[PDB]
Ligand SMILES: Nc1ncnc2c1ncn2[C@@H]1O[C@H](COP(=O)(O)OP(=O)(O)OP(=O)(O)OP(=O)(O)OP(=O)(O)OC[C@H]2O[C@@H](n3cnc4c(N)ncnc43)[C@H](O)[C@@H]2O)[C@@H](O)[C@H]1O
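Form solved without the ligand, single chain, as structure tokens, below.
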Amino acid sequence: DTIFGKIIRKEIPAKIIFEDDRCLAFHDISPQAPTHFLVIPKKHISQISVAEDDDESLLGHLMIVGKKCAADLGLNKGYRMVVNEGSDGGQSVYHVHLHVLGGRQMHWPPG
């Protein structure tokens, strides 16, 4: 369940930007940029390393939802899409979630 499950279950409140039969995009509570949100699959996939080849269209779906919400958020100057795998990736929640950061200049390297 994590907090993700409870949020999707609307058990607990989130700054929901978007929703459809496949995902939930809500604002990241500990933003690392002016605008920071997460686009996550309602379906549980702990980490990208274990995403199946049939999981393919959902991953790209998270990606498209991300690009739509970001434009919705007026992110016309740009943004950075992120997914963190495991320990070195700094994966906090073991449920696949796509980070979207904007509102400012991102730097190289990406952490």
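Each residue number is its position in the shown sequence, starting from 1.
The form solved in complex with the ligand is left out here; the points below concern that form.
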Point to revise | Pose source in the bound PDB entry; superposed partner the ligand; site open or blocked by backbone or C-beta within 2.4 Å | key: blocked
Check your understanding: Using heavy atoms and a 4.5 Å limit, would one call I7 a contact residue for the ligand in the bound PDB entry?
Key -> yes
**Study point:** Any non-hydrogen atom of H27 within 4.5 angstroms of the ligand in the bound PDB entry
**Key:** yes
Check your understanding: Taking heavy atoms only, is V65 within 4.5 angstroms of the ligand in the bound PDB entry?
Key -> no
Point to revise | Interface membership of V39, the ligand in the bound PDB entry, 4.5 Å heavy atom rule | key: no
